[PDB]
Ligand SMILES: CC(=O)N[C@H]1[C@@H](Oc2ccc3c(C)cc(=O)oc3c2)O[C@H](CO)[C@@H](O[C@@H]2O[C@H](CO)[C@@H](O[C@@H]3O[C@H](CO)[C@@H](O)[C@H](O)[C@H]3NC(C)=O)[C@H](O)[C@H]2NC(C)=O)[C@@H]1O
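Read the single chain below, which is given as structure tokens and is the form solved without the named molecule.
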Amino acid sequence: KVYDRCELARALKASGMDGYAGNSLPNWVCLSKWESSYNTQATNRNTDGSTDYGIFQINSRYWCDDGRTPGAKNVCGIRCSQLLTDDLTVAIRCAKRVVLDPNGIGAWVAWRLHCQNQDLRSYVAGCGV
């Protein structure tokens, strides 16, 4: 599913993402926008054999099992195909687990690049959340 920006803001807010591990909601909408253009089915294969999955582009080397990634650890304990459903529950649970690591949301290159230190008010503007 390709989410509407505000539809996604509402689903993240309903799922407790607003302030999770200290990351306010605009952070999560900005990252989703630059990592997948709000498309839960986005996939991106990497030079290292790993693949990025879903709306949050979670990588198969450490968080999910796609069965074709060398030296994979599956910390979220899921199949990477569960990160591509229209229903965001498993993606949100795994993203929540990713930001508890020491690097926090800095784990996402798109966040470091386009959201870190920026005004992110536009990302939640007009969502009434």
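We number the residues from 1 along the sequence you see.
Enquirer: Going by the average Cα B-factor in the PDB entry, point out whether 78-86 or 43-51 comes out higher.
Expert: On average, C-alpha B-factors are higher across 43-51.
Enquirer: Going by the mean C-alpha B-factor recorded in the entry, which is higher: 23-31 or 63-71?
Expert: Higher mean C-alpha B-factor: 63-71.
Enquirer: Ordered by C-alpha B-factor within the chain, which third holds residue 129? Give me lowest, middle or highest, please.
Expert: For residue 129, the deposited C-alpha B-factor lands in the highest third.
Enquirer: What third of its chain's C-alpha B-factors does residue 113 belong to: lowest, middle or highest?
Expert: Ranked within chain, residue 113 CA B lands in the highest tercile.
Enquirer: Once the chain's modelled residues are ordered by C-alpha B factor and cut into thirds, is residue 92 in the lowest, middle or highest one?
Expert: Within its chain, residue 92 is a highest-third residue by C-alpha B-factor, going by the deposited values.
Enquirer: Against its chain's modelled residues, does residue 99's Cα B factor rank lowest, middle or highest third?
Expert: Bottom third by C-alpha B-factor.
Enquirer: Ranked by Cα temperature factor within the chain, is residue 12 in the lowest third, the middle third or the highest third?
Expert: Tercile = highest for this residue's CA B-factor.
There is also a form solved in complex with the named molecule; it is not shown, and the following applies to it.
Enquirer: Can the named molecule, laid in as it sits in the deposited complex by superposing nearby C-alphas, fit this form, that is, is the pocket open, or is it blocked with 3 or more ligand atoms within 2.4 Å of backbone or C-beta atoms?
Expert: Placed partner leaves the pocket open.
Enquirer: Report yes if all three of 62, 97 and 101 come within 4.5 Å of the named molecule in the deposited complex by some heavy atom, otherwise no.
Expert: Heavy-atom distance to the named molecule in the deposited complex: all three under 4.5 Å.
Enquirer: Taking the named molecule in the deposited complex as the reference, which of 39, 57, 69, 82 has a non-hydrogen atom within 4.5 Å?
Expert: The residue from 39, 57, 69, 82 that makes the contact is 57.
Enquirer: Which residue, 11, 107, 120, 25, has a heavy atom that falls within 4.5 Å of the named molecule in the deposited complex?
Expert: Selected option: 107.
Enquirer: Looking in the deposited complex, any heavy atom of residue 89 within 4.5 Å of the named molecule?
Expert: Result no; residue 89 lies far from the named molecule in the deposited complex.
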